[PDB]
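before the rest arrives, take these chain(s) from the complex:
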Amino acid sequence: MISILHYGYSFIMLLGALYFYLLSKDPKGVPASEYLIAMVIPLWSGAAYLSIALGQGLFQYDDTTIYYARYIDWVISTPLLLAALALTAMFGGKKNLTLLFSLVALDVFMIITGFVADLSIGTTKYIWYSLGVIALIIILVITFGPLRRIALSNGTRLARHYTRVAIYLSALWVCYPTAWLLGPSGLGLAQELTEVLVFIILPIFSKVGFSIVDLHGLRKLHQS
């Protein structure tokens, strides 16, 4: 069942990427860079999850299955999602690439702490997990603080769209460390199959859902 779920996920990622490609052909004032980012996120994730479907992207460690292909996925897809969010805030204004790369750095560190925590046991595991959670808190502080202030500097209509996708992204993102802690990588309260379903459904919304809402909202700002 786990294999079939991963095949299905990869198929949905492909469909999402094809949809964003089709939107890119009639871009409605959204820069090409934002369509490229929107396409890479699901295609990379789809490839990583295909490796799990094929029985390759996992190994046995600490009497648990480490789905290491999830970290290979997230270390590329998640910094790209924050790049997408930052570029939304900066729509119609001067780009702040310092703030954008601040988020990329925090995010890559966050994913690495997750991988190291998964390979760790006892107190060491929760030290790495906690550092990752601290990185996520700083990402959320930037998202609702200085980055939202950039969105507000780009006017009422853009700031409304930004706030919507910031809440969409943030709601989904806090679910990942929650599921991690509850599942076999952490306290082992949630069953492996349950964790697998959560890390199938969440990313469908994080990777395809997010960019449908984001791109549609930006395209709507276009005065045709």
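Noted; the coordinates are in hand. Numbering: from 1, shown residues only, chains lettered A, B, ... in the order given.

ok, residue A:35 - how many residues close by?
19 (other C-beta atoms under 10 Å). From N, CA and C alone the C-beta is placed, and that goes for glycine too.

wouldn't it be in contact with residue A:20 here?
Yes: between residue A:35 and residue A:20 there is a contact under C-beta atoms under 8 Å: 5.9 Å.

Please enumerate the shared neighbours of those two.
Taking C-beta atoms under 8 Å, 6 or more residues apart in numbering as the contact rule, residue A:35 and residue A:20 both touch residue A:215.

where along chain A do the strands fall?
For chain A, the strands defined by DSSP state E occupy A:59-61, A:64-66.

just the ones you listed: most buried one?
strand A:64-66 (a mean of 16; mean count of other C-beta atoms under 10 Å).

Quick one: distance of that one to the chain centre.
Relative to the chain's own centre, strand A:64-66 is displaced by 22 Å; criterion: C-alpha atoms, centre = their mean, to the nearest Å.

Name every strand pairing with that strand and say which way it goes.
Next to strand A:64-66 in the sheet, as set by DSSP bridges, lie strand A:59-61 (antiparallel).

Quick check: the most centrally placed residue in chain A vs residue A:39, distance?
Centroid-nearest residue in chain A: residue A:78, 3.9 Å away (criterion: C-alpha atoms, centre = their mean). To residue A:39, residue A:78 is 16 Å away according to C-beta to C-beta, to the nearest Å.

Also residue A:95?
From residue A:95 to residue A:39 the distance is 20 Å (C-beta to C-beta).

So which of these two has more stuff around it?
residue A:39 (20 against 13).

Helices of chain A, start to end?
Per DSSP state H, chain A carries helices over the ranges A:2-25, A:32-53, A:69-89, A:97-119, A:123-144, A:146-152, A:156-182, A:192-203, A:210-220.

Give me the nearest residue to residue A:40, chain neighbours excluded.
residue A:80 (5.9 Å; C-beta to C-beta, 6 or more residues apart in numbering).

Tell me who's in contact with the one you found.
With C-beta under 8 Å, 6+ apart, residue A:80 has these contacts: A:37, A:40, A:41, A:44.

which of those residues has the most neighbours?
Busiest of the contacts of residue A:80 [other C-beta under 10 Å] is residue A:41, holding 29 neighbours.

quick one: that one and residue A:207 touch, right?
Yes: contact between residue A:41 and residue A:207 holds when scored by C-beta under 8 Å: they sit 5.1 Å apart.

overlap in contacts of those two?
Common neighbours of residue A:41 and residue A:207 (C-beta under 8 Å, 6+ apart) are A:77, A:81.

Also, this goes in as chain B:
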Amino acid sequence: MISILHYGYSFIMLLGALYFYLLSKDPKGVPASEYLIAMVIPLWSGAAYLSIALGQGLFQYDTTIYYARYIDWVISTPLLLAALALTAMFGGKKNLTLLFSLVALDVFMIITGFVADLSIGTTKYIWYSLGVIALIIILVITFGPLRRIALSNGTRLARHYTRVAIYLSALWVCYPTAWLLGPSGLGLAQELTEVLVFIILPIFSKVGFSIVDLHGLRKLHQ
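Take a look at chain B, now in place beside the chains above:
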């Protein structure tokens, strides 16, 4: 013999890089970034192939995986496509989105090759096929939208671009062909033959390409 071929390769890469450095000192209207890219490609490849010469950049899996080849290509091949894109854009506005589209496709392509090499049976050919699909899209971009940019930069630039695009594309299709025929794939081609192909092809891909590319761009100065 395999060790000696790799030492010789590394020496040729070094000579190519030194030649591109010498050209960089009298640049004839070619931006410094294009000389840097032209130098990094062979120096990185030379270092990777040196590891094979020293007997380090390979492991047994029941055949030899020359993993240092993937460490080489994952850096050198995206840089080659960056060089090709910047040639198309010579004298005009840059399209960094198209450039990074090629970089993304190319890094994915090399990764599928590495995963395919570590894979067995149907799984191997699934990864190989995804890499081939990435290469086809790279070629579609190369002869489609990227060539259109070259044409927008005038007849003489477009002629040079078309020449180096065919040069790069002809060599690039050889890599997956050799991979499939050799011990990583169907095992029809002998290991020593595959080794020679993955010595001679890259000499043309990495040094040959940038000799033709830089000479052509420098000639546009007059």
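
Go back to the neighbour count of residue A:35, now with chain B?
By the measure other C-beta atoms under 10 Å in any protein chain shown, the count of residues near residue A:35 is 21.

Help me confirm that it comes into contact with residue A:27.
Yes: counting by C-beta under 8 Å, residue A:27 is a contact partner of residue A:35 at 6.6 Å.

Pretty sure residue A:209 is one of the things residue A:19 touches, is it not?
No: judged on C-beta under 8 Å, residue A:19 makes no contact with residue A:209 at a distance of 11.5 Å.

still on that earlier bit, spatially nearest residue to the residue nearest to the centre of chain A, not counting backbone neighbours?
Distances taken as C-beta to C-beta, 6 or more residues apart in numbering or on different chains put residue A:107 closest to residue A:78, at 5.1 Å, once the chain neighbours are dropped.

what sits up against stretch A:143-155?
Residues external to stretch A:143-155 that are found in contact with it (C-beta atoms under 8 Å, 6 or more residues apart in numbering or on different chains): A:85-86, A:88-93, A:96, A:99, A:103, A:158-159, A:162-163, A:166, A:169-170.

now do 10 Å
Contacts to stretch A:143-155, defined as C-beta atoms under 10 Å, 6 or more residues apart in numbering or on different chains, come from residues A:82, A:85-86, A:88-96, A:99-100, A:102-103, A:139, A:141-142, A:158-163, A:165-167, A:169-170, A:173, A:221.

residues shared between the contacts of residue A:35 and residue A:27?
residue A:215.

Please work out how many residues are found near the closest residue to residue A:106 other than its chain neighbours.
Nearest non-adjacent residue to residue A:106, counting by C-beta to C-beta, 6+ apart: residue A:135, 4.8 Å away. Counted with other C-beta under 10 Å, the neighbours of residue A:135 add up to 20.

for the one 3 residues further on, same thing?
Other residues within reach of residue A:138, judged by other C-beta under 10 Å, total 14.

From what I see, it and residue A:82 are in contact.
No: in this structure, residue A:138 is not within contact of residue A:82 by C-beta atoms under 10 Å, at 11.6 Å.

Please name the residues that touch the residue nearest to the centre of chain A.
So residue A:78 contacts A:41, A:45, A:103-104, A:107-108, A:110-111, A:139, A:173, A:176, A:203, A:206-207 (C-beta under 10 Å, 6+ apart).

Out of those, which comes closest to chain B?
Using C-beta to the nearest C-beta, residue A:41 comes nearest to chain B of the contacts of residue A:78, at 11.0 Å.

Tell me which residues touch residue A:120, please.
A:62, A:113, A:126, A:127, A:128, A:129, A:185.

just residue A:135 next, same as before
Shown in contact with residue A:135 (C-beta under 10 Å, 6+ apart): A:105, A:106, A:107, A:108, A:109, A:110, A:111, A:112, A:113, A:114.

okay, now chain C:
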Amino acid sequence: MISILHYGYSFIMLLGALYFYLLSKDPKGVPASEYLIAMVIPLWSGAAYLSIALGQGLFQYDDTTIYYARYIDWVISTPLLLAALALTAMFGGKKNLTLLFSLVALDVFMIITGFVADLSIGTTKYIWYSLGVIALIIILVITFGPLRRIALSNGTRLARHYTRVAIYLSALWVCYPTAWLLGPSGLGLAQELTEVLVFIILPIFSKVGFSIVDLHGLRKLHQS
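Following on from the chains above, chain C is added here:
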């Protein structure tokens, strides 16, 4: 012993990063990108050395301890330090990102040769070490040649500051390959504890000391 030194190192990196953050809030004409770089260097190094403190970032090879987390640290922190130095040379002037990325490329290669040399034995070890030393020599030639000429083009006061931080960086940097060759990774003349103390004290000056001197000097060019 070695664990405690690494915990202490990580704490100093954290304090350094917090100081650079506080300076960033009253930036005195120094671009935000230069504060971000100054903060990432110690935070990354701190995390890498924390892994050694926890007994994770090392393994046994050729009867010796390979502190591989040092290379994970340097492969990110050292290119960022050269980026910081290049941006100092370019202060108040046109950026030369080609020269900056030339240094990044040389530097990443240098650290990789160090790691490969550490995993190598006999003549092979010293071939990789020598390639690393050649990369460092080219970095120093760029630093005191073309990069210094950029600094001179940005006026007397900037060029004086650049020359000071360039000599500071270069004096510390030549110590790393020297300690490597003398310690267990090389000729094995110095004890493991001696090498550990050098690769604790040097980086405190290379990562925190350097950016105190750099940022203070740049902030001083500000007319209040």
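
ok chain C is loaded, check the contacts of residue A:135 again?
A:105, A:106, A:107, A:108, A:109, A:110, A:111, A:112, A:113, A:114, C:43.

How about residue A:133?
A:110, A:113, A:114, A:126, A:174, A:177, A:178, A:180, A:181.

Return a ChimeraX selection command for the buried portion of the residues you listed.
In ChimeraX, this line selects whichever of these come out buried by 16 or more other C-beta atoms under 10 Å in any protein chain shown:
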select /A:110,113,114,177,180,181
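
how about JSON lines for the contacts of residue A:133, with distance to chain C added?
JSON lines is the format used below for the contacts of residue A:133 (distance: C-beta to the nearest C-beta, whole Å):
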{"residue": "A:110", "distance to chain C": "11"}
{"residue": "A:113", "distance to chain C": "8"}
{"residue": "A:114", "distance to chain C": "13"}
{"residue": "A:126", "distance to chain C": "12"}
{"residue": "A:174", "distance to chain C": "22"}
{"residue": "A:177", "distance to chain C": "17"}
{"residue": "A:178", "distance to chain C": "23"}
{"residue": "A:180", "distance to chain C": "19"}
{"residue": "A:181", "distance to chain C": "19"}
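
Number of residues surrounding whichever residue of chain A sits closest to chain C?
Across chain A, the shortest distance to chain C (C-beta to the nearest C-beta) belongs to residue A:98, at 4.2 Å. Per other C-beta under 10 Å, the neighbour tally for residue A:98 reads 15.

Could you pull up the contacting residues of the nearest residue to it once chain neighbours are set aside?
Computed as C-beta to C-beta, 6+ apart, the closest residue to residue A:98 that is not its neighbour in sequence is residue C:32, at 4.2 Å. The contact partners of residue C:32, by C-beta under 10 Å, 6+ apart, come to A:96, A:97, A:98, A:99, A:102, C:24.

run the last query once more with 8 Å
A:96, A:98, A:99, C:24.

farthest-separated two in these?
The distance between the two most remote of the contacts of residue C:32 (C-beta to C-beta) is 13.5 Å, for A:96 and C:24.

Can you pick out the most distant pair from the contacts of residue A:135?
For the contacts of residue A:135, the farthest-apart pair by C-beta to C-beta is A:114 and C:43; their separation is 17.0 Å.

Return the set of buried residues in stretch A:161-172.
Applying 16+ other C-beta under 10 Å to stretch A:161-172 flags A:161, A:162, A:165, A:166, A:168, A:169, A:172 as buried.

count of neighbours near the nearest residue to the third one once chain neighbours are set aside?
Residue nearest to residue A:165 in three dimensions, not counting chain neighbours: residue A:214, with 5.0 Å by C-beta to C-beta, 6+ apart. Residue A:214 sits with 26 neighbouring residues when counted by other C-beta under 10 Å.
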